[PDB]
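To find a chain, count down the sequence lines: A is the first, B the second, and so on, and within it residues start at 1. Worth knowing before you read on, the calculation uses all heavy atoms, side chains too, and leaves out hydrogens, waters and symmetry mates.
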There are 2 protein chains.
Amino acid sequence: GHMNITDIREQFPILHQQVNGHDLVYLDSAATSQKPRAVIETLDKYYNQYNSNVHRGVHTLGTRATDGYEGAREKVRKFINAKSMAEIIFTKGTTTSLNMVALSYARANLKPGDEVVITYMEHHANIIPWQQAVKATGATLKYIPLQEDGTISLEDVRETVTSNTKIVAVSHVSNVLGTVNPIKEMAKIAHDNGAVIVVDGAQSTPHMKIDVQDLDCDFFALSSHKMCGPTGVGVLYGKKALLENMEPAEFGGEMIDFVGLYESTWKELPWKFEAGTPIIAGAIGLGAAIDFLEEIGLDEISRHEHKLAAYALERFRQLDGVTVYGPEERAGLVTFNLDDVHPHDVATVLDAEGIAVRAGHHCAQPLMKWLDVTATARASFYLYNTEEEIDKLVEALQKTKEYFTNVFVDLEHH
Amino acid sequence: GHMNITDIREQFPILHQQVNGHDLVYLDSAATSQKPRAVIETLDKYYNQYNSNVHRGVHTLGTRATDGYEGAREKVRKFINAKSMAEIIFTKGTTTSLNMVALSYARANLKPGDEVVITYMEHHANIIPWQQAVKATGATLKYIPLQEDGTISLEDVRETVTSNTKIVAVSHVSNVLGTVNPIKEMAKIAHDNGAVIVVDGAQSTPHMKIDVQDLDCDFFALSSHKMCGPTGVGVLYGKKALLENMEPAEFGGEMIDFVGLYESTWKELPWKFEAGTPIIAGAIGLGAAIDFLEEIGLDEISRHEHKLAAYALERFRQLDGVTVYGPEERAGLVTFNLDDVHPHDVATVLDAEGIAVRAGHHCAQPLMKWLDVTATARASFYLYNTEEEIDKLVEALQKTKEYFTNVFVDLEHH
Ligand SMILES: Cc1ncc(COP(=O)(O)O)c(CNc2co[nH]c2=O)c1O
Ligand SMILES: Cc1ncc(COP(=O)(O)O)c(CNc2co[nH]c2=O)c1O
């Protein structure tokens, strides 16, 4: 207990407003995170003082912009404990990162008979690129089954991954179930069968320490907007030996060395994978978000979210007619459904109380079908959320159930 | 003469600072543009007040974020006079836009015998994707020759484009020569031969009115960072009938309709081409930049730059031992070389005087080889630049030539 939630919330201006006459209760951070003043003011200082194109060699502002951009790259490398800045590629988000792996690695290393292994809980960003890659290569897509509590057993991984598996793609933390998957053990299993492992870390990176050397993941993808950083920015980490043999996914300026009429050569890593003017301000702001989270401490944030999750699970179990999906040990989110109430109505009623949650399939339709549901509601937490906000959520859920129950009993007597 | 350059410069905080003890003279807007307070404060208001993920249906902040994002899309449609918002795709920049055309259109519509026709003046962003597409399809890449003044004659276009040409890719305005290419006539020629036309408008969009219906371009690409907007944002316009038949370049959430285990269906345009959480803040800020430029008036900006260019050409012709490349009628930039002085040294010396220019190949190596030079220096203008800054530039060039000349004559007597 070191982080002061009041002092933390003070730095997020967007939290201090009312919606529909109620204080805002933002419980949708798995959709996107809010930003502290440090990040916004970093963007401000960039645009006010030293914006210029990068990879300079000349004027002063351009040198400052380049120093900021590449310094943000080093901040990311340190943040996820990569060995080298050559392994840190700035992208526009997790989805693009995974698509780059699918185009530049998968489509070049898949033949008929090869297998791509994923799971039923994957976000669409970690499903559709593999569907398209196996369709383009004639390979086979396989799914690791889930336990009844929404977890993955290592025996099922060993059964699904075979000597024909070349890629295992798996989420670090599920944006729906809250499950934290055994990424390190799955990486060992994939390597034992001759496969690489691609980790979707969009939901893990904001909330827990990432050590790619301890995870031994071959690729790791993350999104800035979920971790207090600017929108439109993400990272692809890849083992350097793998990135060296992969061809670029995009072509143009900045990523070339020599350009002839018909043939060209590429720059060294990481710039080989960064075509065109890069996301300068967004990457610098992501570096600022990393500084912010590191000063608070990712372990502290994870402990705070563990307490929030345990509190929320207990208080949800106090509600009648509410079903929660996923395991007991979980990240900081709760996906649920009210008996006989569609989750979109739940979320509308909650917004009328100032509470922001998300209703729908959460970009995980195969998981919804596995859960035997059409849609769900989800309240997700971050470092600025409190137990009082969870109390407001559970009270609003009780009031929602009562309201729908007795308008039903009112006009069934009509 | 309606725009007041003092009142315009007042809105750009970054211009009001010193570099190396001299007032900043920023003449590098072809590399990237500076931002007015309207754009920066738009980003601020987004992150301070209504950041949330988009394509909602539920809570209030999410609705406001979606309204901002799609309203920016409509602003772009109006700005370039597209028929429909379905034709406006948000990307991370011109380079990505052109790569999307090359992957989703070119690689699907090119067979052996087909031709992709480009020009010798193209930026690398409008060269390498076509190189890779013709290599992947076995098609042929052809180059339209240039006149001695760096312009393109329509007869050379008719000679190069044949009945086997399926794509003509050409820059609207050259970032090196300042040439404004006859895009409308070239589009007529390409359509007469059964080809589509792809327009690289990265350098035209910030400085002159764009009317895609009058140009009749099939694709048009632009970058936000060159037109007073945030970094990491761009637009791909494509004729709707063409975009409907093109498969997505990226896959994941937000761009799907139904997702099965092995097959999926895509959303309608434009969202079919926008995978993952989009560039929300950057797109809203690009809309703000469009509002800013429209309130000033693109025709006014073009007239101001025409005067700046004529003034600069005249004053450059007053300098001995300076060569300027390109035609007399031009956009607002001057690419040049000092006799017996490497342009990187020119640009270093100028930065010591507070003047920001760019030295190098400007991501146009085939053009440099066509010019029979290794590198060039370039001063590029925008709406905040003045004739006094051009005076400072030409005086600093005279002083550079004198300094190098007589340190040469000093230590040749050594
Ligand atoms: C696990 C996981 N993978 C991939 C993505 C998508 O990456 P991005 O969009 O490219 O930043 C998300 C975002 N998840 C959600 C986005 O909105 N609701 C969500 O649950 C995610 O949670
Ligand atoms: C004509 C032209 N096409 C494409 C691009 C690149 O697009 P983007 O990088 O994806 O925004 C540029 C940027 N031109 C320059 C960028 O730095 N110096 C330049 O001359 C350009 O001027």
| Contacting region of A:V39 [heavy-atom separation from chain B under 4.5 Å] | neither
| task | Using non-hydrogen atoms and a 4.5 Å limit, figure out which bit of A:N126 sits close to chain B: side chain, backbone, both or neither. | result | neither
| message | Classify the ring geometry of B:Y143 against A:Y262: parallel below 30°, tilted from 30° to 60°, perpendicular beyond 60°. | response | perpendicular
| Option in A:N48, A:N53, A:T95, A:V58 with maximal non-hydrogen atom pairs under 4.5 Å from chain B | A:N48
| remark: Counting heavy-atom pairs under 4.5 angstrom with chain A, the leader among B:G354, B:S264, B:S29 is B:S264
| Using the benzene-type ring in the case of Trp, are the ring centres of B:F251 and B:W266 under 6.0 Å apart? | yes
| request: Against chain A, label B:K135 side chain, backbone, both or neither, depending on which of its atoms sit under 4.5 Å from a heavy atom there. | output: side chain
| Leading residue by heavy atom contact count with chain B [cutoff under 4.5 Å; candidates A:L98, A:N20, A:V357] | A:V357
| Residue, of B:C363, B:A31, B:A352, that accumulates the most heavy atom pairs under 4.5 Å with chain A | B:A31
| request: Under the side chain to side chain contact (heavy atoms under 4.5 Å, CB included) rule, what do A:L350 and A:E353 come out as? Steps first, then yes or no, please. | output: CA-CA 5 Å; A:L350 262 45; A:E353 293 292 281; 5.6 Å; no
| field | Engaged part of A:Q49 at the chain B interface, taking heavy atoms whose separation is under 4.5 Å | value | backbone
| request: Please flag which part of A:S33 lies under 4.5 Å from any non-hydrogen atom of chain B: side chain, backbone, both or neither. | output: backbone
| said: Working note: A:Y47 + A:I280, criterion side chain to side chain contact (heavy atoms under 4.5 Å, CB included); need CA distance, chi angles, decisive distance, verdict. | reply: CA-CA 10 Å; A:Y47 286 124; A:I280 307 173; over 6 Å; no
| Hey, is the main chain of B:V259 close enough, under 3.5 Å, to the side chain of A:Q365 for a donor-acceptor pair? | yes
| task | Can you tell me which residue pairs pass the salt bridge (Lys or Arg N to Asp or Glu O under 4.0 Å) test with a partner in residues 12-33 of chain A, sequence neighbours excluded? | result | A:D28-A:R378
| query | What part of A:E250 lies closer than 4.5 angstrom to a heavy atom of chain B: side chain, backbone, both or neither? | reply | both
| By a 4.5 Å heavy-atom criterion (distance strictly below it), what part of A:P248 contacts chain B: side chain, backbone, both, or neither? | neither
| query | Checking A:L141 against chain B: side chain, backbone, both or neither under 4.5 Å from a heavy atom? | reply | both
| request: For the residue pair B:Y69 and B:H55, categorise the inter-ring angle as parallel (less than 30°), tilted (30 to 60°) or perpendicular (more than 60°). | output: perpendicular
| request: Under 4.5 Å heavy-atom distance to chain B, tell me which part of A:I118 shows up: side chain, backbone, both or neither. | output: neither
| request: Select one option (side chain, backbone, both, neither) describing which atoms of A:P278 are under 4.5 Å from chain B's heavy atoms. | output: backbone
| task | Please state whether the side chain, the backbone, both or neither of A:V19 comes within less than 4.5 Å of a heavy atom of chain B. | result | side chain
| Between B:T94, B:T231, B:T32, which is the residue that forms a side-chain hydrogen bond (donor to acceptor under 3.5 Å, both in side chains) with B:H225? | B:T32
| Between A:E254 and chain B, which part of the residue has a heavy atom less than 4.5 Å away: side chain, backbone, both or neither? | both
| Where on A:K369 is there a heavy atom nearer than 4.5 Å to chain B: the side chain, the backbone, both, or neither? | neither
| What part of A:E247 gets closer than 4.5 Å to chain B, counting heavy atoms only: side chain, backbone, both or neither? | neither
| Winner by heavy-atom pair count (cut-off under 4.5 Å) against chain B, out of A:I355, A:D44, A:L103 | A:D44
| query | Is it true that the side chains of B:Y50 and B:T60 contain a donor and an acceptor less than 3.5 Å apart? | reply | no
| Regarding A:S171 and A:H123, is there a side-chain donor-to-acceptor distance under 3.5 Å anywhere? | no
| message | Is the distance between the ring centroids of B:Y26 and B:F12 under 6.0 Å? | response | no
| query | Given a strict heavy-atom distance threshold of 4.5 Å, which part of B:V233 is in contact with chain A: side chain, backbone, both, or neither? | reply | neither
| message | Donor-acceptor check, side chain of B:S97 to backbone of B:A221, threshold 3.5 angstrom: yes or no? | response | no
| Looking at A:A364, A:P230, A:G282, which has the largest count of heavy-atom pairs under 4.5 Å with chain B? | A:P230
| said: Shorter than 4.5 Å, heavy atoms on both sides: which option in A:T348, A:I279, A:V134 has the most such pairs with chain B? | reply: A:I279
| Judged by atom type as modelled, is there a donor-acceptor pair below 3.5 Å linking the side chain of A:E274 to the main-chain atoms of A:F90? | yes
| task | Could you go through the side chain to side chain contact (heavy atoms under 4.5 Å, CB included) check for B:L61 and A:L24 one step at a time? | result | CA-CA 10 Å; B:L61 295 199; A:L24 173 65; 3.9 Å; yes
| Where does A:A249 contact chain B at under 4.5 Å (heavy atoms): side chain, backbone, both or neither? | backbone
| said: Under a 4.5 Å cutoff for heavy-atom pairs, which residue among B:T277, B:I40, B:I14, B:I256 has the most contacts with chain A? | reply: B:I14
| Donor-acceptor under 3.5 Å (A:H342 side chain, A:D345 main chain) | no
| query | When only pairs under 4.5 Å are counted, which of A:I127, A:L43, A:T96 shares the most heavy-atom pairs with chain B? | reply | A:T96
